[PDB]
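Every read-out reported here was derived from the displayed coordinates using simple, explicitly stated rules and does not represent laboratory data. A quick note on method: Cβ atoms are made from the backbone with ideal geometry, for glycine too, and the neighbour counts reach across all protein chains shown.
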Ligand SMILES: CCCCCCCCCCCCCCCCCC(=O)O[C@@H](COC(=O)CCCCCCCCCCCCCCC)COP(=O)(O)OCC[N+](C)(C)C
Ligand SMILES: CCCCCCCCCCCCCCCCCCCC(=O)O[C@H](COC(=O)CCCCCCCCCCCCCC)COP(=O)(O)OCCN
């Protein structure tokens, strides 16, 4: 969110945060910037990508047996 | 370092020299600014003198109170002069002086 | 970039082993308050030295603002040290 | 003349100091073929990894 | 006065006077000399 | 005496000047080293891109085969609604330090 | 560049004045010419002068508080709420300093570092109110906590003061750890620490899809830490013991100043942290329990300071009623209650310090006070009735408007608990008035007359308490203006 | 209020970050590679 | 591997700290807790913070606690935010994109911190300075008995 | 990768031999200063004396004073010996002859030096002698009080370099050595190292191995501080400032020569001056060296910033 | 999975600190070392989160909280020292 990176460059998730915050700067209803909020929160934790990979692994294991 | 002098609440009075230098603000002191400076300094000196009699240090307490009063009064006068120049306080004389400039 | 600590860890292990060998060579055949004040002063000035290390290295990027910020920090701790001095906590 | 007899142990110390530094220059070179590089940054580390992979490939 | 109190302080506190002098020089250089060089 | 102060204070001035003059040379050398890196970056990045796209083709070929049966799937669907491409995440919170 | 610091002259002045006072005291206390003068009153008077001058600097420079707001954005945020909160805090600090002058002379408290530490705590609270980040809020909280830990154990030879200081430090460090863990859990879940960012990231996803465990846990931990700070039950672990064991001039300051700033922080957390009305439930339970426990515990107290501590807990619950109902008229009731409670507490502690020169410890000690000093008894009875909430006095307005705010949100259970607690409080407050006027003790205790500072403070506060209902408009106007400015 | 995040007082990072966008420590890695020419 | 043992030893050390009879042994295990935490930080690449933990925690605070214990009495006494990734890294390790643009001029943990500790967030730095000054002042007034 | 223990042995064993011969060199120089001859009968010029002393100390049939927990008492010499030896993993002897090239080497040295306080404290407590406990408690405070000044001097050195890498601090002195401008800083650093090691005027003070490990650790600390004094101020392995014709001499020889020179200063200062008192050690270290070190930090930083001579 | 382990270790350290504050109510020193354990756990949380999110707002905060922890140690030990003197016991 701050944009100060660990290695002296721009933060990894700073661009997503600036897209989300720019969306919220001209949208009084927060239900239309949800798609950018989800992107920012997914850049922080990679929950969706990890879930997809876990689903692929589980499907592979089920086919194994 | 990057700096920004813009304020959240805009100035309600005409703005002359939006970002004044220290020397120019000090050179903008009016009679009222000197009056409040001297008042604060004298009050501080008197309080220091009166409060230091019982311990037994009149001169040292006088000087300590005088330093406090000088610092406080100077910063108060600088605050008023800068606000007048920047347009946050009624700058009746400032606009008159800098219009003919 | 952090690969240079494994030699240090192996050095620690081998120094441990050689110290144990050295110990095994002959086997085969009231309260004072100033001691607390000195520790307090050490803690404060050790934190101050800690805060110097980022400043000294990164003194080329920051310029005339970080320098004066560090100067204000040192001024505050110098007032503290002067209070430490005149109160007799530095005497033994 | 006569003061050189106190420089013998003090020169043995210098010999030990020299051998400690020279023991890690011909042992580290022995199993790498290259002297140690000072100032390892992640660019140098990654570029060494790329060197190892390209040498292994061809 | 000043030239006598300062002499008394410096005589009995040489190390403090020396440290204060060198620190004052090190603070004087970036406060009075740096802006002068900024004009050039 | 007095000459001791003169020699120490002149050393502190001339030596600091020489220290600055050597820091200039060190900065120039470091800048040359950095400038030699920005001229070979494109080819290294090109090789990395080729390797990554080949491995990504392999990974998509793998994931398409394993779960062909599942009705709801997209095979390499971006998880970002914006559509930006991001590197595949790893279970290491600092991989390039060891 | 120098004009960017126009937003921090009130803090720069007080910091530099504290430094000058410290240098002056340490130089002249350890002096041979003046035979080690006990210059505690001198430093106290000069510190009061410094507080008044920084009040003049802060109050006059009202349009200049938003100057360079972009440059100072990440550090602190100054607005109308901060302006009035800081002015009130400086006024309370000046009042406490005025009260504690007589303590330095009769009891011979010659340590001048007490005033320096009070000024440093004041600086910490000034930085606390304007803090707009988790980092700044935590740092200011820790600074004031340390300044209070040191002065709580100022009476080194006293058994109570050392134990009170130890308990205070342990409790405060534990609460700070809980709050700091909450801040860490919030930062690790949203990636942001600034209040603007933390509001934009939480205002949309109002637990609409799922409950974020990290965010919920961090919010709960921050709320729990803040509740320890204000001593709302069951987070009142050692608050009565700390209040009793602490020196009376010290207890006067901790009963007023640490509450204004912490309540400001809690408000500036509610502006963004309203995550599913989670805090509204926590503060609801805490307020009910606080009122009930204060009412049921202050009736079993025979000492004046323990009764004051339990009164403080009960009034904290009454104020948290306003937190439980999140609305402009709820925050306004909260701020009015804070103001009135602070003034009543200053009045009561000035009265206690007036009688502390004769070592008053029990309520029965002030038995024949209506005969020896028949005007001090009237003033103390007025203060007690104001605590009770009798209609004609100023203490009724705060409880009235708080109950109105509680009924506005529709919480009828809060109103009944408040009414019962008010009845119990009024009973144990008029119990004190019974002792002064109606009892005829065999042995009397004669007190020595107070000094000018406390006499003037008592006169002004007693005229405020009795005659507040006649002209209450300015307080309501400023409070409504502050409540609206929390968001716009 | 209805959309208080849209207010100017609550949008300060949108005006400060562009001013500090070129400061070292916040730059796009490819930004400095093209500032030579 | 290294993480598991370096965490297990720290847990055992902390358990011994909170459940020790002789406070000297408690302080000694209190030192080992930070000795393990420094290694854990080193595993993260925060070399500066591990060294500061050695310097500050077990260099100043631990020494102070040891002084107080010794000379005085030695008396007796998950799936919500970041779902974990299952061990599927045979293909994931190959899917490692490296951007050489961020490596041409890389900062260290020290200068990265010092770039913004003293200019963009200097007020908090001065507040910590004031906290240190408060500690210095409070050390004397509580504990001082001359002559 | 099985050659790392070879490097560690090659840096540890010659260190111990150098420590023994440093004890011999001390006992020989302190004799030639006093117009006598040191140990000479045992060896050709006394060179075999350390081996004889080591064997005689080993063959003593000593008893362990187990009137304690016996764990802390036995491990305290080990705890100090490990810390004394581990600081040598970062000191560079020439361009590429460093075992571990840390990028935080300066602060790592500060940490290693600061944790060396525990060994003496644990030794003082574990021994039941109350006076030994008090002596260890005083020595720890002295070491701490001068560690502060050592750190502040390290900050002054770091300002002119801009990096914590020890191998780059030497490369930063290719123009001139830092001992020429910062000569008072060099003198203060040498005096602080004298007081840090409990040696020379700042020297206020069991059986078999424990005392041997303490003795070896203290002398290894002496060698390490002599190496640091030339690593930061005398240019490390860099040749003499001028006359670049002797460049055939390896760089590791110059580091050795400068370290031997600083060891000779150690012995000379021990032989030439009496011992301070504790009430004067603490005063000297808290009122004469702290202000001077802080003022030198301020002066160097202000002068470098003013003329833009920063790294 | 490494973030889970890093958070679990610090959570256990925090729990141990709370236990030490609660269980060792009789002894004062344990009630200080447990607070320091809690501060250590929170600092580890901040550093791990800063590394995980690639943000420098956790490292600055860890450095600034080190000062608070040290100052709390100093004040607490001074208060304990004066406390033992008065009552003669812990
Ligand atoms: C400039 C930056 C700030 C520098 C100081 C920062 C730290 C603050 C330290 C404050 C405490 C020390 C303040 C100075 C103490 C010395 C006071 C002094 O110089 O006056 C002396 C003596 O000097 C004098 O002549 C009196 C000076 C006081 C009156 C001066 C006019 C009032 C000045 C106040 C306003 C201006 C501020 C001070 C000047 C900048 C005191 O007088 P006595 O010794 O009591 O008189 C001797 C006779 N008999 C003992 C019998 C009583
Ligand atoms: C190539 C190699 C060259 C040699 C390298 C090694 C150098 C050291 C060689 C040995 C030197 C003698 C060592 C003796 C060790 C014990 C001496 C300690 C005595 C001491 O500390 O003096 C104190 C004061 O002097 C002091 O403070 C002493 C420290 C002074 C440092 C110099 C600071 C001068 C700054 C001037 C700067 C001007 C130029 C730059 C602008 C006490 O003395 P006291 O009894 O009076 O008590 C102070 C009351 N005030």
Pick from B:67, B:50, B:35: which is part of a helix (DSSP H, G or I) and either within 16 Å of ligand 2 (Cβ to nearest atom) or exposed (fewer than 15 other Cβ atoms within 10 Å of the Cβ) (or both)?
B:35
Output the residue which, of all residues in segment A:26-63 that are surrounded by fewer than 18 Cβ atoms within 10 Å (Cβ to Cβ) and closer than 30 Å to residue H:7 by Cα, is nearest to the other protein chains (Cβ to nearest Cβ).
A:28
Any residue at all in segment F:33-50 that is within 16 Å of ligand 2 (Cβ to nearest atom) and either at negative phi or touching a strand residue (DSSP E or B) at 6+ places or on another chain (Cβ under 6 Å) (or both)?
no
Residues of segment G:185-213 that turn out to be within 18 Å of residue K:46 (Cα to Cα), buried (at least 21 other Cβ atoms within 10 Å of the Cβ) and facing another protein chain (nearest Cβ under 8 Å), as a count
9
Is it true that some residue in segment A:45-62 is within 22 Å of residue K:57 (Cα to Cα) and either outside any helix (DSSP H, G or I) or in contact with a helix residue (DSSP H, G or I) (Cβ under 7 Å, 6 or more places away or on another chain) (or both)?
yes
Test residue D:35 against the criterion of being within 29 Å of residue J:254 (Cα to Cα), at the interface with another protein chain (Cβ under 7 Å from one of its Cβ atoms) and surrounded by fewer than 16 Cβ atoms within 10 Å (Cβ to Cβ), and give yes or no.
yes
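Looking only at segment G:93-107, count how many residues are under 30 Å from residue H:9 (Cβ atoms) and surrounded by fewer than 24 Cβ atoms within 10 Å (Cβ to Cβ). Outline the logic, then answer.
Pass one, segment G:93-107, residues under 30 Å from residue H:9 (Cβ atoms): G:93.
From what is left, the residues that are surrounded by fewer than 24 Cβ atoms within 10 Å (Cβ to Cβ) are none.
The total comes to 0.
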Scan J:183, J:233 and give me the residue that is within 14 Å of ligand 2 (Cβ to nearest atom) and facing another protein chain (nearest Cβ under 9 Å).
J:183
Matching residues in segment E:9-18 - criterion: being facing chain J (nearest Cβ under 10 Å) and either within 16 Å of ligand 1 (Cβ to nearest atom) or loosely packed, with under 10 Cβ neighbours inside 10 Å (or both)
E:16
Which of (1) more than 13 Å from chain H (Cβ to nearest Cβ); (2) buried (at least 20 other Cβ atoms within 10 Å of the Cβ); (3) touching a helix residue (DSSP H, G or I) at 6+ places or on another chain (Cβ under 7 Å) is the odd one out, the single condition residue A:21 does not satisfy?
(1)
Flagged in segment G:9-36 as at the interface with chain B (Cβ under 7 Å from one of its Cβ atoms) and either within 16 Å of ligand 2 (Cβ to nearest atom) or surrounded by 19 or more Cβ atoms within 10 Å (Cβ to Cβ) (or both), in numbering order, are G:9, G:13, G:17, G:24, G:28
With respect to residue F:77, is the statement that it is in a helix (DSSP H, G or I) and more than 14 Å from chain J (Cβ to nearest Cβ) true?
no
Reported set for segment K:54-80 where residues are over 16 Å from the mean Cα position of the chain (by Cα) and within 20 Å of residue I:69 (Cβ to Cβ) is K:78, K:79, K:80
Looking at segment K:36-53, can you tell me whether even one residue there is part of a helix (DSSP H, G or I), more than 16 Å from the chain's Cα centre (by Cα) and more than 9 Å from chain I (Cβ to nearest Cβ)?
yes
Quick one: which of G:108, G:78 is away from chain B (no Cβ under 12 Å) and either assigned to a loop (DSSP other than H, G, I, E, B) or out of contact with any strand residue (DSSP E or B) (no Cβ under 7 Å at 6 or more places or on another chain) (or both)?
G:108
Select, from E:21, E:27, E:6, the only residue that is exposed (fewer than 14 other Cβ atoms within 10 Å of the Cβ), within 16 Å of ligand 1 (Cβ to nearest atom) and within 23 Å of residue F:5 (Cα to Cα).
E:6
Please determine, by comparing only the residues of segment J:194-213 that are more than 15 Å from residue J:58 (Cα to Cα) and in a helix (DSSP H, G or I), which one is farthest from ligand 2 (Cβ to nearest atom).
J:196
Residue J:72 being facing chain D (nearest Cβ under 9 Å) and more than 17 Å from the chain's Cα centre (by Cα)
no
Scan segment B:53-64 for residues that are more than 8 Å from every other protein chain (Cβ to nearest Cβ) and either within 16 Å of ligand 2 (Cβ to nearest atom) or under 18 Å from residue G:105 (Cα atoms) (or both) and report the count.
1
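Do you know which of the residues in segment J:284-295 that are in a helix (DSSP H, G or I) and within 8 Å of ligand 2 (Cβ to nearest atom) is farthest from the other protein chains (Cβ to nearest Cβ)?
J:284
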Set J:149, J:208, J:252: member being away from ligand 1 (no atom under 16 Å from the Cβ), more than 13 Å from chain F (Cβ to nearest Cβ) and buried (at least 24 other Cβ atoms within 10 Å of the Cβ)
J:149
Within segment I:73-87, track down each residue that is within 28 Å of the chain's Cα centre (by Cα) and at the interface with another protein chain (Cβ under 7 Å from one of its Cβ atoms).
I:77, I:78, I:80, I:81, I:82, I:83, I:84, I:85
Could you count how many residues in segment J:266-296 are surrounded by fewer than 15 Cβ atoms within 10 Å (Cβ to Cβ) and within 18 Å of the chain's Cα centre (by Cα)?
1
Answer yes or no as to whether residue B:18 is in a loop (DSSP other than H, G, I, E, B) and either more than 16 Å from ligand 2 (Cβ to nearest atom) or surrounded by 13 or more Cβ atoms within 10 Å (Cβ to Cβ) (or both).
yes
